[PDB]
Structures are given as C-alpha cells and as structure tokens.
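Beneath this line is the structure, given in structure tokens, with notes to follow.
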Amino acid sequence: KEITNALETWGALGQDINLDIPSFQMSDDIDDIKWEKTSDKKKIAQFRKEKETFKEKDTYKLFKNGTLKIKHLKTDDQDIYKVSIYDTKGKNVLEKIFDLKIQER
C-alpha cells in the first residue's frame, strides 16, 4: 500500500468540525487559504483578498484568517481534502494532505 501524508480527521453523522492548519512561521505577506479535492483535483472552496473567493453554503465555508467551518455534516456533506496556502503575491508556501471521514461505532 502507498502511504499518504494525510490526517484521518473524524466525525459521526450531523456535527461541526473545523479544517485547521499548524502554527508554521510567517516572514512578510500571507493571504490565501485553499481547500481542494484529492481524487478529482478540484478547488471546491478557496479564499484570497476580495478577488476570486469560492465559499458556497455554511456546511463547507472557509474562514478568512486561515481556517474552515463544516457546520452540520453527514456522509453526503463530507469529502477527502488537500490544503494549499498562497501569499498576498500568490506563492505556494504550506501544502499538506487531509481526510474528513465518518465514524462507524
């Protein structure tokens, strides 16, 4: 089996979870926080500076400082993710793989 660089990130049907990156160092200028798909390769929501902001409904909606809020899930509300973070200029800094998964207990 090919082993990913991903966090298994858990929640049972009908709940609130955030998609939230580590406390990595910043020098001068950081703006965009994108959450896209692994299997499709597809920017479902993404944030920048009042210029191309994909954001949709409250069930998958990405915070401005650098976070996400999934407000009310289920099996059809979730997906597998990869984060990519870009500056005020647009230069790829922090990139890391992720997975919203559903509990079976």
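For the structure tokens, the naming scheme is as follows: chains receive sequential letters (A, B, ...) according to their order of presentation, residues are indexed from 1 within each chain, and ligands are indexed from 1 in presentation order.
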> Any idea what's packed within 12 Å of residue A:66, counting only C-alpha atoms, ignoring anything in its chain fewer than 5 positions away? Could you give it as a list in words?
Replying inline: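 The filter keeps residues 18, 19, 20, 21, 22, 23, 24, 30, 31, 32, 33, 34, 35, 46, 47, 48, 61, 83, 84, 85, 86, 87 and 94 of chain A.
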>> Which residues are close to residue A:45, i.e. within 8 Å by only C-alpha atoms, leaving aside same-chain residues fewer than 5 positions away? Reply as JSON, numbers by chain.
In response: {"A": [34, 35, 36, 53, 54, 55, 56, 60, 61, 62]}
Would you write out those residues with N, CA, C and O atoms, as a short mmCIF file (atom, residue, chain, number, x, y, z; two decimals), in the first residue's frame?
```
data_model
loop_
_atom_site.label_atom_id
_atom_site.label_comp_id
_atom_site.auth_asym_id
_atom_site.auth_seq_id
_atom_site.Cartn_x
_atom_site.Cartn_y
_atom_site.Cartn_z
N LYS A 34 -6.69 27.74 0.63
CA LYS A 34 -7.50 26.91 -0.29
C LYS A 34 -7.66 25.48 0.28
O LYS A 34 -6.70 24.87 0.75
N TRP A 35 -8.89 24.96 0.17
CA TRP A 35 -9.22 23.56 0.50
C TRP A 35 -9.93 22.97 -0.77
O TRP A 35 -11.03 23.37 -1.20
N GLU A 36 -9.18 22.02 -1.37
CA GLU A 36 -9.46 21.38 -2.69
C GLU A 36 -9.56 19.82 -2.54
O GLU A 36 -9.32 19.28 -1.46
N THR A 53 -13.16 34.52 -4.79
CA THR A 53 -13.42 33.90 -3.46
C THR A 53 -14.58 32.90 -3.66
O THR A 53 -15.75 33.28 -3.72
N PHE A 54 -14.23 31.60 -3.74
CA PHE A 54 -15.21 30.49 -3.77
C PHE A 54 -15.51 30.10 -2.29
O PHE A 54 -14.59 29.88 -1.49
N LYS A 55 -16.80 30.07 -1.91
CA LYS A 55 -17.21 29.95 -0.48
C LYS A 55 -18.54 29.18 -0.23
O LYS A 55 -18.66 28.56 0.83
N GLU A 56 -19.51 29.19 -1.17
CA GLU A 56 -20.72 28.31 -1.15
C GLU A 56 -21.61 28.44 0.13
O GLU A 56 -21.75 29.55 0.67
N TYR A 60 -19.88 23.84 4.12
CA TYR A 60 -18.44 23.84 3.80
C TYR A 60 -18.07 25.30 3.42
O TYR A 60 -18.35 25.75 2.30
N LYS A 61 -17.49 26.04 4.38
CA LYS A 61 -17.24 27.50 4.23
C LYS A 61 -15.94 27.88 4.99
O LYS A 61 -15.83 27.65 6.20
N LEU A 62 -14.97 28.47 4.26
CA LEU A 62 -13.56 28.56 4.73
C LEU A 62 -13.31 29.93 5.41
O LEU A 62 -13.56 30.98 4.81
#
```
>> Could you list, as a list in words, every residue within 6 Å of residue A:82, counting only C-alpha atoms and ignoring same-chain residues fewer than 6 positions away?
In response: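 So the residues in contact are residues 36, 96, 97 and 98 of chain A.
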>> Which of chain A end up as strand (DSSP E) when DSSP is run on this backbone - answer as a PyMOL selection string?
In response: chain A and resi 6-10+32-36+45-47+80-86+92-101
>> Nearest residue to residue A:15 out of A:3, A:100, A:93, A:44, using only C-alpha atoms?
In response: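 Residue with the minimum atom-to-atom distance to residue A:15: A:100.
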> So how many Å separate atom CA of residue A:59 and atom CA of residue A:77, to one decimal?
Replying inline: 6.9 Å
> Please, what distance in Å, to one decimal, runs between atom CA of residue A:68 and atom CA of residue A:91?
Replying inline: 20.6 Å
> If you count only C-alpha atoms, which residues fall within 7 Å of residue A:37, apart from same-chain ones fewer than 6 positions away, as a PyMOL selection string?
Replying inline: chain A and resi 43+80-82
